[PDB]
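Just the one chain here, laid out as C-alpha coordinates, in the form deposited in one PDB entry.
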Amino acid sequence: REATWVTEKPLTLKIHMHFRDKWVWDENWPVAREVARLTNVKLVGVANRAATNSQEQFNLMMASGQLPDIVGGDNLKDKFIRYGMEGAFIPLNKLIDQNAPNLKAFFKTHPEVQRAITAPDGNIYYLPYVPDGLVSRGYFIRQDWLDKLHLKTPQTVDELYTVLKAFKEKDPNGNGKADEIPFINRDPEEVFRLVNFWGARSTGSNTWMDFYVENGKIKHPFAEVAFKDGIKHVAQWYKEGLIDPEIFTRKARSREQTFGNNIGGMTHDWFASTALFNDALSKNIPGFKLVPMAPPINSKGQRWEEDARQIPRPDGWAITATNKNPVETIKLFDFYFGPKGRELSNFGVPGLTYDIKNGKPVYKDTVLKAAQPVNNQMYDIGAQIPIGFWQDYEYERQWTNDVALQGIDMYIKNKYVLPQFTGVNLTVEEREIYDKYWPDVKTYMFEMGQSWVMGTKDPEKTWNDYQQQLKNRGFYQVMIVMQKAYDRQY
(Lines give C-alpha, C1' and ligand atoms only; values in the text may rest on other atoms or scores of the structure.)
Protein backbone atom coordinates (compact mmCIF):
# COMPACT_ATOMS: atom_id res chain seq x y z
CA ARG A 1 0.00 0.00 0.00
CA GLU A 2 1.05 3.59 -0.73
CA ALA A 3 -0.32 6.92 0.55
CA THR A 4 -0.90 7.93 -3.08
CA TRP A 5 -3.13 4.90 -3.81
CA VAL A 6 -6.48 6.03 -5.24
CA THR A 7 -7.92 2.52 -4.78
CA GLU A 8 -7.22 -0.32 -2.32
CA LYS A 9 -8.10 -3.04 -4.83
CA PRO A 10 -5.86 -2.89 -7.95
CA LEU A 11 -7.67 -1.47 -10.98
CA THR A 12 -6.99 -1.91 -14.70
CA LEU A 13 -8.56 0.47 -17.24
CA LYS A 14 -8.50 0.54 -21.05
CA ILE A 15 -7.11 3.64 -22.78
CA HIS A 16 -7.27 4.54 -26.46
CA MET A 17 -4.41 6.94 -27.07
CA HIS A 18 -3.00 7.30 -30.56
CA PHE A 19 -0.92 10.45 -30.83
CA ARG A 20 1.26 12.69 -32.99
CA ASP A 21 0.93 10.24 -35.91
CA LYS A 22 3.43 7.65 -34.58
CA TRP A 23 2.88 6.66 -30.93
CA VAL A 24 0.34 4.84 -28.75
CA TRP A 25 -0.02 4.45 -24.97
CA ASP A 26 2.44 1.83 -23.73
CA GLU A 27 1.73 0.11 -20.40
CA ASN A 28 5.40 -0.95 -20.39
CA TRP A 29 6.57 2.69 -20.29
CA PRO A 30 8.71 3.36 -17.20
CA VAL A 31 6.53 6.42 -16.41
CA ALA A 32 3.30 4.43 -16.85
CA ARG A 33 4.63 1.69 -14.55
CA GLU A 34 5.68 4.20 -11.88
CA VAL A 35 2.30 5.99 -11.93
CA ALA A 36 0.58 2.58 -11.73
CA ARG A 37 2.77 1.66 -8.74
CA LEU A 38 1.93 4.88 -6.88
CA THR A 39 -1.80 5.08 -7.70
CA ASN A 40 -2.72 1.36 -7.90
CA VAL A 41 -4.40 2.04 -11.27
CA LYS A 42 -2.92 0.47 -14.41
CA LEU A 43 -3.74 1.71 -17.91
CA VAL A 44 -3.65 -0.74 -20.83
CA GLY A 45 -3.49 0.57 -24.41
CA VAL A 46 -6.00 -0.52 -27.06
CA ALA A 47 -5.03 1.77 -29.97
CA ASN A 48 -3.48 0.42 -33.19
CA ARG A 49 0.31 0.89 -33.09
CA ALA A 50 0.64 0.61 -36.90
CA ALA A 51 -1.40 3.68 -37.92
CA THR A 52 0.12 7.00 -39.04
CA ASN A 53 -3.07 9.07 -38.66
CA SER A 54 -4.14 9.74 -35.06
CA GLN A 55 -7.33 11.66 -35.92
CA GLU A 56 -8.49 8.86 -38.23
CA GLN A 57 -7.95 6.38 -35.37
CA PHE A 58 -10.17 8.42 -33.03
CA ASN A 59 -12.84 8.51 -35.75
CA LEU A 60 -12.66 4.74 -36.30
CA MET A 61 -12.76 4.15 -32.53
CA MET A 62 -15.79 6.43 -32.05
CA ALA A 63 -17.69 4.81 -34.94
CA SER A 64 -16.76 1.26 -33.84
CA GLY A 65 -19.70 0.85 -31.42
CA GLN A 66 -17.14 0.25 -28.67
CA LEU A 67 -15.56 2.73 -26.26
CA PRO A 68 -12.60 2.28 -23.89
CA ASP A 69 -12.48 3.74 -20.36
CA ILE A 70 -10.23 6.68 -21.27
CA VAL A 71 -9.44 8.47 -24.53
CA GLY A 72 -6.27 10.55 -24.86
CA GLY A 73 -4.22 12.29 -27.52
CA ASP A 74 -3.26 15.42 -29.42
CA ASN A 75 -5.64 17.75 -31.29
CA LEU A 76 -8.73 16.21 -29.65
CA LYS A 77 -10.21 19.27 -27.87
CA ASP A 78 -12.94 19.79 -30.48
CA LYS A 79 -13.86 16.09 -30.46
CA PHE A 80 -13.84 15.93 -26.64
CA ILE A 81 -16.29 18.87 -26.56
CA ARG A 82 -18.53 17.60 -29.40
CA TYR A 83 -18.83 14.01 -28.14
CA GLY A 84 -18.98 15.21 -24.53
CA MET A 85 -22.15 17.18 -25.25
CA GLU A 86 -23.48 14.14 -27.15
CA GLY A 87 -22.86 12.02 -24.03
CA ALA A 88 -19.94 9.84 -25.17
CA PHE A 89 -17.61 11.61 -22.72
CA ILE A 90 -18.79 12.46 -19.20
CA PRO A 91 -18.62 15.92 -17.58
CA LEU A 92 -15.84 16.27 -14.99
CA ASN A 93 -17.06 19.32 -13.02
CA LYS A 94 -18.60 17.46 -10.06
CA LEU A 95 -15.93 14.73 -10.10
CA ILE A 96 -13.16 17.35 -9.83
CA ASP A 97 -15.02 19.32 -7.13
CA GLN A 98 -15.48 16.22 -4.95
CA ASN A 99 -12.42 14.07 -5.70
CA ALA A 100 -9.66 16.16 -7.30
CA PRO A 101 -8.08 18.77 -4.95
CA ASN A 102 -4.99 19.38 -7.14
CA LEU A 103 -7.06 20.10 -10.26
CA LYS A 104 -9.66 22.15 -8.37
CA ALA A 105 -6.88 24.39 -7.02
CA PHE A 106 -5.21 24.52 -10.45
CA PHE A 107 -8.37 25.74 -12.22
CA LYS A 108 -9.06 28.38 -9.54
CA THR A 109 -5.55 29.78 -10.09
CA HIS A 110 -5.68 29.34 -13.89
CA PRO A 111 -9.04 30.80 -15.07
CA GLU A 112 -7.77 31.14 -18.66
CA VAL A 113 -7.05 27.39 -18.82
CA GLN A 114 -10.48 26.57 -17.35
CA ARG A 115 -12.16 28.87 -19.91
CA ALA A 116 -10.22 27.36 -22.84
CA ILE A 117 -11.34 23.80 -22.04
CA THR A 118 -14.95 24.46 -20.96
CA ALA A 119 -17.73 23.50 -23.40
CA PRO A 120 -20.60 25.92 -24.24
CA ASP A 121 -22.88 23.93 -21.89
CA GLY A 122 -20.55 24.77 -18.98
CA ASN A 123 -19.07 21.27 -18.73
CA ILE A 124 -15.43 20.23 -18.62
CA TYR A 125 -15.13 17.12 -20.81
CA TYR A 126 -11.35 16.68 -20.77
CA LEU A 127 -8.16 17.60 -18.94
CA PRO A 128 -5.60 19.44 -21.07
CA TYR A 129 -1.92 19.28 -21.84
CA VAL A 130 -0.82 22.50 -20.12
CA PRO A 131 2.52 23.68 -21.59
CA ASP A 132 4.98 25.83 -19.63
CA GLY A 133 7.07 28.63 -21.11
CA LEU A 134 6.71 31.73 -23.29
CA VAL A 135 8.41 31.47 -26.69
CA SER A 136 8.36 28.32 -28.79
CA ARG A 137 9.88 28.49 -32.27
CA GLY A 138 12.46 30.76 -33.88
CA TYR A 139 14.45 30.96 -37.10
CA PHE A 140 17.78 29.14 -37.15
CA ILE A 141 20.43 29.60 -39.84
CA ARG A 142 23.83 28.02 -40.54
CA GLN A 143 26.24 30.72 -39.34
CA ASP A 144 29.22 28.63 -40.51
CA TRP A 145 27.77 28.58 -44.04
CA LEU A 146 27.16 32.35 -43.96
CA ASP A 147 30.77 32.81 -42.84
CA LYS A 148 32.22 30.39 -45.43
CA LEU A 149 30.34 32.13 -48.26
CA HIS A 150 31.22 35.57 -46.81
CA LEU A 151 27.57 36.54 -46.39
CA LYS A 152 26.04 38.81 -43.76
CA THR A 153 23.03 37.74 -41.67
CA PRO A 154 19.99 38.35 -43.93
CA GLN A 155 17.92 41.25 -42.59
CA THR A 156 15.15 41.24 -45.20
CA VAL A 157 13.31 38.59 -47.23
CA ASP A 158 15.16 39.69 -50.38
CA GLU A 159 18.50 39.27 -48.58
CA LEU A 160 17.34 35.85 -47.34
CA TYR A 161 16.51 34.78 -50.91
CA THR A 162 20.10 35.57 -51.96
CA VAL A 163 21.47 33.66 -48.95
CA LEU A 164 19.33 30.56 -49.55
CA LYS A 165 20.14 30.63 -53.28
CA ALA A 166 23.84 30.75 -52.34
CA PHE A 167 23.35 27.80 -49.97
CA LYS A 168 21.82 25.86 -52.87
CA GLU A 169 24.32 26.83 -55.58
CA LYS A 170 27.68 27.61 -53.96
CA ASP A 171 28.48 24.25 -52.32
CA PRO A 172 28.93 25.38 -48.68
CA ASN A 173 29.53 21.78 -47.50
CA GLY A 174 32.39 21.61 -50.02
CA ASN A 175 31.75 18.18 -51.53
CA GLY A 176 31.46 19.39 -55.14
CA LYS A 177 27.80 18.34 -55.24
CA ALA A 178 24.57 20.34 -55.38
CA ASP A 179 23.15 18.41 -52.41
CA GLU A 180 22.37 21.35 -50.11
CA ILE A 181 18.77 21.97 -49.09
CA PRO A 182 18.52 25.60 -47.89
CA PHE A 183 15.28 25.47 -45.84
CA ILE A 184 14.20 22.33 -43.98
CA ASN A 185 11.52 21.58 -41.39
CA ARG A 186 10.26 18.56 -39.45
CA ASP A 187 6.78 20.14 -39.51
CA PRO A 188 5.16 20.35 -42.98
CA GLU A 189 2.83 23.09 -41.70
CA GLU A 190 5.87 25.37 -41.35
CA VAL A 191 6.03 25.72 -45.15
CA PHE A 192 2.75 27.63 -44.91
CA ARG A 193 4.26 29.88 -42.23
CA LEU A 194 6.73 31.13 -44.86
CA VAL A 195 3.88 33.35 -46.15
CA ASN A 196 4.82 35.51 -43.13
CA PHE A 197 7.72 36.70 -45.29
CA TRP A 198 5.16 38.26 -47.63
CA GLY A 199 2.88 39.80 -44.99
CA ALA A 200 0.36 36.96 -44.77
CA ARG A 201 -0.61 34.91 -41.72
CA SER A 202 -0.62 31.09 -41.58
CA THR A 203 -2.15 30.66 -38.10
CA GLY A 204 -3.33 32.73 -35.12
CA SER A 205 -1.78 30.45 -32.48
CA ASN A 206 0.35 27.35 -31.78
CA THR A 207 -2.66 25.36 -33.00
CA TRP A 208 -2.07 24.74 -36.71
CA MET A 209 -4.34 26.67 -39.09
CA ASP A 210 -6.02 28.64 -36.31
CA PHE A 211 -8.06 31.81 -36.83
CA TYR A 212 -6.74 35.27 -35.98
CA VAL A 213 -8.14 38.73 -35.23
CA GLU A 214 -7.35 41.93 -37.12
CA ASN A 215 -9.11 45.21 -36.29
CA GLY A 216 -11.93 43.42 -34.43
CA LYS A 217 -12.56 40.99 -37.29
CA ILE A 218 -12.11 37.21 -37.24
CA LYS A 219 -10.08 35.99 -40.20
CA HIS A 220 -8.75 32.66 -41.33
CA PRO A 221 -5.24 32.77 -42.85
CA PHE A 222 -5.99 30.30 -45.67
CA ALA A 223 -9.06 32.24 -46.90
CA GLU A 224 -7.33 35.63 -47.21
CA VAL A 225 -6.22 37.23 -50.50
CA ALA A 226 -2.89 37.90 -48.74
CA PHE A 227 -2.46 34.11 -48.55
CA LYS A 228 -3.13 33.75 -52.30
CA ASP A 229 -0.36 36.26 -53.07
CA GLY A 230 1.95 34.98 -50.32
CA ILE A 231 1.70 31.31 -51.30
CA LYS A 232 2.75 32.22 -54.86
CA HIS A 233 6.10 33.33 -53.43
CA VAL A 234 6.39 30.17 -51.31
CA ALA A 235 5.63 28.14 -54.46
CA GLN A 236 8.42 30.01 -56.27
CA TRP A 237 10.92 29.21 -53.51
CA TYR A 238 9.81 25.57 -53.66
CA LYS A 239 10.15 25.60 -57.46
CA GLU A 240 13.72 26.91 -57.17
CA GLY A 241 14.53 24.22 -54.58
CA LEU A 242 15.16 26.66 -51.74
CA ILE A 243 12.50 24.83 -49.74
CA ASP A 244 13.04 21.11 -49.10
CA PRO A 245 11.33 19.21 -51.96
CA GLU A 246 10.33 16.65 -49.30
CA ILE A 247 8.84 19.27 -46.92
CA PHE A 248 5.44 17.49 -46.84
CA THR A 249 6.88 13.96 -46.50
CA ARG A 250 10.17 14.09 -44.55
CA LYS A 251 8.64 15.02 -41.17
CA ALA A 252 9.94 13.89 -37.74
CA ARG A 253 13.64 13.25 -38.39
CA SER A 254 14.23 16.11 -40.86
CA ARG A 255 16.89 17.71 -38.65
CA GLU A 256 18.77 14.45 -37.94
CA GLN A 257 18.82 13.76 -41.69
CA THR A 258 19.59 17.17 -43.16
CA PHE A 259 21.80 18.64 -40.43
CA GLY A 260 23.41 15.24 -39.75
CA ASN A 261 24.40 14.86 -43.42
CA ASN A 262 25.41 18.56 -43.58
CA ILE A 263 22.88 19.56 -46.25
CA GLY A 264 20.36 21.64 -44.26
CA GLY A 265 20.92 25.41 -44.15
CA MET A 266 17.97 26.85 -42.22
CA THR A 267 14.86 25.96 -40.22
CA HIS A 268 12.08 27.37 -38.03
CA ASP A 269 11.76 25.20 -34.94
CA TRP A 270 11.85 25.13 -31.13
CA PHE A 271 14.90 26.77 -29.54
CA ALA A 272 16.05 24.03 -27.16
CA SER A 273 16.04 20.92 -29.38
CA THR A 274 17.20 22.76 -32.52
CA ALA A 275 20.22 24.42 -30.86
CA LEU A 276 21.19 21.04 -29.36
CA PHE A 277 22.28 19.90 -32.84
CA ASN A 278 25.33 22.17 -32.49
CA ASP A 279 26.49 19.95 -29.62
CA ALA A 280 25.44 16.61 -31.14
CA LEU A 281 27.22 17.31 -34.44
CA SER A 282 30.22 19.20 -32.98
CA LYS A 283 32.74 16.51 -33.99
CA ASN A 284 30.93 15.00 -37.00
CA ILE A 285 30.81 18.40 -38.72
CA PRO A 286 33.61 20.65 -37.41
CA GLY A 287 32.31 24.22 -37.25
CA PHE A 288 28.60 23.37 -37.49
CA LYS A 289 26.92 26.48 -36.07
CA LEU A 290 23.14 26.72 -36.29
CA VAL A 291 22.22 30.06 -34.70
CA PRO A 292 18.98 31.87 -33.83
CA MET A 293 18.13 34.54 -36.38
CA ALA A 294 15.78 37.48 -35.95
CA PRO A 295 12.84 37.12 -38.33
CA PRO A 296 13.63 38.87 -41.62
CA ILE A 297 11.92 42.19 -42.32
CA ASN A 298 8.88 41.10 -44.34
CA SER A 299 6.94 42.80 -47.16
CA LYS A 300 4.95 44.73 -44.53
CA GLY A 301 8.22 46.04 -43.04
CA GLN A 302 8.00 43.98 -39.85
CA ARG A 303 9.83 41.06 -38.23
CA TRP A 304 7.18 38.45 -37.39
CA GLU A 305 7.43 35.49 -35.08
CA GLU A 306 3.97 33.99 -35.52
CA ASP A 307 4.37 31.14 -33.04
CA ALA A 308 4.33 31.08 -29.24
CA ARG A 309 3.62 28.58 -26.44
CA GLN A 310 -0.13 27.96 -26.11
CA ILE A 311 -1.48 27.44 -22.60
CA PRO A 312 -3.35 25.12 -22.74
CA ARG A 313 -2.91 23.11 -25.95
CA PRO A 314 -5.90 21.36 -27.61
CA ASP A 315 -4.56 18.00 -26.36
CA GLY A 316 -5.40 15.83 -23.35
CA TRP A 317 -7.60 13.01 -22.08
CA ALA A 318 -11.24 12.33 -21.20
CA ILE A 319 -13.44 9.81 -19.38
CA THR A 320 -15.95 7.86 -21.48
CA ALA A 321 -19.57 7.00 -20.63
CA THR A 322 -18.60 3.31 -20.50
CA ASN A 323 -16.01 3.88 -17.74
CA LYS A 324 -17.32 2.02 -14.67
CA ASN A 325 -14.81 3.68 -12.31
CA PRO A 326 -15.08 7.46 -12.92
CA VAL A 327 -14.11 8.35 -9.32
CA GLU A 328 -10.91 6.26 -9.40
CA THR A 329 -10.17 7.65 -12.88
CA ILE A 330 -10.47 11.32 -11.84
CA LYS A 331 -8.31 10.61 -8.77
CA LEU A 332 -5.67 9.08 -11.07
CA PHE A 333 -5.99 12.17 -13.28
CA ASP A 334 -5.52 14.37 -10.19
CA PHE A 335 -2.28 12.59 -9.22
CA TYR A 336 -0.68 14.16 -12.31
CA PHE A 337 -1.38 17.64 -10.91
CA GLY A 338 0.26 16.95 -7.54
CA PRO A 339 4.02 17.49 -7.01
CA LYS A 340 5.26 13.90 -7.59
CA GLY A 341 2.83 13.17 -10.45
CA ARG A 342 3.84 16.36 -12.24
CA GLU A 343 7.54 15.53 -11.78
CA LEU A 344 7.11 12.04 -13.31
CA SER A 345 5.03 13.26 -16.27
CA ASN A 346 7.84 15.74 -17.03
CA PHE A 347 11.17 14.18 -16.04
CA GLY A 348 10.55 10.42 -16.31
CA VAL A 349 11.48 8.11 -13.43
CA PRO A 350 13.77 8.91 -10.45
CA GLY A 351 16.92 6.78 -10.46
CA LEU A 352 16.46 6.18 -14.20
CA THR A 353 16.44 9.48 -16.11
CA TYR A 354 16.82 11.90 -13.20
CA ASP A 355 17.80 12.13 -9.53
CA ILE A 356 16.56 14.26 -6.66
CA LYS A 357 19.56 16.43 -5.76
CA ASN A 358 19.00 19.02 -3.02
CA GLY A 359 15.26 18.39 -3.40
CA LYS A 360 15.33 19.30 -7.10
CA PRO A 361 14.84 16.95 -10.08
CA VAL A 362 18.17 16.86 -11.94
CA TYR A 363 18.59 14.99 -15.23
CA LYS A 364 21.45 12.48 -15.37
CA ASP A 365 24.49 13.32 -17.51
CA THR A 366 23.65 10.31 -19.72
CA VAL A 367 20.38 12.07 -20.63
CA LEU A 368 21.87 15.56 -21.07
CA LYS A 369 24.91 14.49 -23.12
CA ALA A 370 22.88 12.03 -25.24
CA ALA A 371 22.46 12.34 -29.02
CA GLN A 372 18.66 12.64 -28.78
CA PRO A 373 17.00 15.87 -27.58
CA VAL A 374 15.61 15.35 -24.07
CA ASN A 375 11.94 15.69 -25.09
CA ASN A 376 12.46 12.86 -27.61
CA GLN A 377 13.99 10.81 -24.76
CA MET A 378 10.96 11.57 -22.59
CA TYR A 379 8.50 10.39 -25.28
CA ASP A 380 10.28 7.02 -25.37
CA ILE A 381 9.50 6.35 -21.69
CA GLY A 382 6.05 7.98 -21.48
CA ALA A 383 6.85 11.52 -20.36
CA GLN A 384 6.04 14.77 -22.21
CA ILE A 385 3.08 12.98 -23.81
CA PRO A 386 -0.22 14.75 -24.69
CA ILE A 387 -2.21 13.49 -21.70
CA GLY A 388 -3.83 15.74 -19.10
CA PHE A 389 -0.66 17.02 -17.43
CA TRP A 390 1.07 20.23 -16.37
CA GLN A 391 4.41 20.80 -18.09
CA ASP A 392 7.26 22.15 -15.97
CA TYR A 393 9.69 24.45 -17.82
CA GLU A 394 12.43 23.39 -15.36
CA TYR A 395 12.58 20.12 -17.35
CA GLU A 396 13.39 22.12 -20.48
CA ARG A 397 15.76 24.68 -18.93
CA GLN A 398 18.17 21.84 -18.09
CA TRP A 399 18.75 21.01 -21.78
CA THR A 400 18.43 24.54 -23.16
CA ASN A 401 22.03 25.38 -24.10
CA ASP A 402 23.60 28.86 -24.23
CA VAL A 403 22.87 29.24 -27.96
CA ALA A 404 19.19 28.41 -27.31
CA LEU A 405 18.97 30.59 -24.16
CA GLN A 406 20.39 33.63 -25.96
CA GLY A 407 18.00 33.11 -28.89
CA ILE A 408 15.06 32.88 -26.48
CA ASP A 409 16.28 36.07 -24.75
CA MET A 410 16.62 37.89 -28.09
CA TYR A 411 13.05 36.99 -29.14
CA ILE A 412 11.60 38.00 -25.75
CA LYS A 413 13.61 41.25 -25.61
CA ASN A 414 12.85 42.37 -29.17
CA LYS A 415 9.16 41.37 -29.00
CA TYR A 416 8.99 39.49 -32.34
CA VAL A 417 6.12 37.29 -31.17
CA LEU A 418 2.76 38.40 -32.58
CA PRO A 419 -0.25 38.65 -30.26
CA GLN A 420 -1.79 35.16 -30.11
CA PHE A 421 -5.43 34.25 -30.75
CA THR A 422 -7.01 33.01 -27.50
CA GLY A 423 -10.27 31.86 -29.10
CA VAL A 424 -13.91 32.94 -29.01
CA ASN A 425 -16.69 31.61 -26.78
CA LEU A 426 -19.20 29.83 -29.03
CA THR A 427 -22.74 28.90 -28.01
CA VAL A 428 -23.92 25.28 -28.40
CA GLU A 429 -25.68 25.83 -31.76
CA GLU A 430 -22.74 27.92 -33.01
CA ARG A 431 -20.46 25.03 -32.06
CA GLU A 432 -22.66 22.57 -33.99
CA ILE A 433 -21.99 24.53 -37.21
CA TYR A 434 -18.30 24.73 -36.24
CA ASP A 435 -17.98 20.97 -35.58
CA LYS A 436 -20.02 20.09 -38.70
CA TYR A 437 -18.04 22.01 -41.33
CA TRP A 438 -14.68 23.12 -39.89
CA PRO A 439 -12.70 19.84 -39.65
CA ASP A 440 -13.38 19.01 -43.32
CA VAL A 441 -12.72 22.60 -44.44
CA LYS A 442 -9.35 22.54 -42.63
CA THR A 443 -8.43 19.29 -44.40
CA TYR A 444 -9.43 20.82 -47.76
CA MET A 445 -7.43 24.00 -47.03
CA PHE A 446 -4.32 21.93 -46.26
CA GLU A 447 -4.72 19.93 -49.48
CA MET A 448 -5.09 23.12 -51.53
CA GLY A 449 -2.14 24.71 -49.73
CA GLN A 450 0.06 21.71 -50.52
CA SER A 451 -1.07 21.76 -54.17
CA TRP A 452 -0.18 25.46 -54.42
CA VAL A 453 3.25 25.06 -52.78
CA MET A 454 4.13 22.06 -54.99
CA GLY A 455 2.84 23.79 -58.14
CA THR A 456 0.24 21.16 -59.07
CA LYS A 457 -2.38 23.91 -58.76
CA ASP A 458 -1.99 27.59 -59.66
CA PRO A 459 -3.19 29.74 -56.70
CA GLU A 460 -4.19 32.64 -58.98
CA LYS A 461 -6.11 30.46 -61.45
CA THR A 462 -7.79 28.28 -58.80
CA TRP A 463 -8.68 31.01 -56.26
CA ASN A 464 -12.24 31.52 -57.54
CA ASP A 465 -12.96 27.77 -57.52
CA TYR A 466 -11.31 27.52 -54.09
CA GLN A 467 -13.51 30.30 -52.67
CA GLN A 468 -16.64 28.66 -54.12
CA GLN A 469 -15.57 25.33 -52.58
CA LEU A 470 -15.06 26.99 -49.18
CA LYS A 471 -18.67 28.24 -49.33
CA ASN A 472 -19.97 24.83 -50.50
CA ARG A 473 -18.09 23.13 -47.65
CA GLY A 474 -19.68 25.55 -45.15
CA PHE A 475 -16.61 27.66 -44.32
CA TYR A 476 -18.48 30.97 -44.47
CA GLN A 477 -21.22 29.60 -42.21
CA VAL A 478 -18.38 28.93 -39.75
CA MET A 479 -17.03 32.46 -40.31
CA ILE A 480 -20.43 34.02 -39.54
CA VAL A 481 -20.66 32.23 -36.16
CA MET A 482 -17.00 33.04 -35.35
CA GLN A 483 -17.61 36.78 -35.88
CA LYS A 484 -20.94 36.61 -34.02
CA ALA A 485 -19.20 35.03 -31.02
CA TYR A 486 -16.42 37.64 -31.18
CA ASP A 487 -18.88 40.56 -31.33
CA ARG A 488 -20.80 39.12 -28.36
CA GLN A 489 -17.66 38.82 -26.22
CA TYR A 490 -15.88 42.02 -27.30
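From 1 onward, residues are counted along the sequence shown.
Beyond what is shown, the protein has a form deposited in another entry; the following relates to that form.
> Two rigid parts rotate relative to each other between the shown form and the other one; which of 376, 91, 21, 400 lies at the hinge?
Replying inline: That leaves 400 as the hinge residue.
> Versus the form shown, are the CA atoms of residue 185 and residue 383 closer or farther apart in the other entry, given a shift of 3 angstroms or more?
Replying inline: The answer is farther, because the C-alphas of residue 185 and residue 383 separate from each other in the other entry by 3 Å or more.
>> Can you confirm the direction of the Cα distance change for residue 249 and residue 26 in the other entry, closer or farther than in this form, given it is 3 Å or more?
In response: Compared with the shown chain, residue 249-residue 26 is farther in the other entry.
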